[PDB]
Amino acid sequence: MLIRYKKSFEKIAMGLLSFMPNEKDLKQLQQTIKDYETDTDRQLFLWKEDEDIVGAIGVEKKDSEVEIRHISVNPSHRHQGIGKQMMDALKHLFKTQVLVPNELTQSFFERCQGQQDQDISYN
């Protein structure tokens, strides 16, 4: 499930966000984590499979659109649908505004939109 970021998860949040291509070193990591903590328009979320944090997704609220900036899943948990479940839970969470990506996560975002939601059908 999707939970808000807490300071007690800084070590795992930095480790997860380190897989983002624009996060080269650790000095830059703690600066972006400090942005998610101290900036109102920027919020970071964590995906808790069972009781272990395996994914992370952070957004920036900008007037009418909610831009996705960072999305990362633990490599040992990839290819399990966690990446799309985070966005789906994010879309339900931000039902008020429209969910758009930036140039950093446009590739994986367009893949999920092209995907078909696997739903049951009756009659």
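The first residue of the sequence shown is number 1, and the count goes up from there.
Q: Out of 88-96 and 70-78, which one has CA B-factors that are higher on average in the deposited record?
A: Per the PDB entry, the higher value belongs to 88-96.
Q: Once the chain's modelled residues are ordered by C-alpha B factor and cut into thirds, is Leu104 in the lowest, middle or highest one?
A: It belongs to the highest third of the chain when residues are ordered by C-alpha B-factor.
Q: Among all modelled residues of this chain, ranked by Cα B factor, put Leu44 in the bottom, middle or top third, i.e. lowest, middle or highest.
A: For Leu44, the deposited C-alpha B-factor lands in the lowest third.
Q: Can you tell me which third, lowest, middle or highest, the CA B-factor of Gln115 falls into for its chain?
A: Ranked within chain, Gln115 CA B lands in the middle tercile.
Q: What third of its chain, lowest, middle or highest, does the C-alpha temperature factor of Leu26 fall into?
A: Answer is highest: the recorded C-alpha B-factor places it there.
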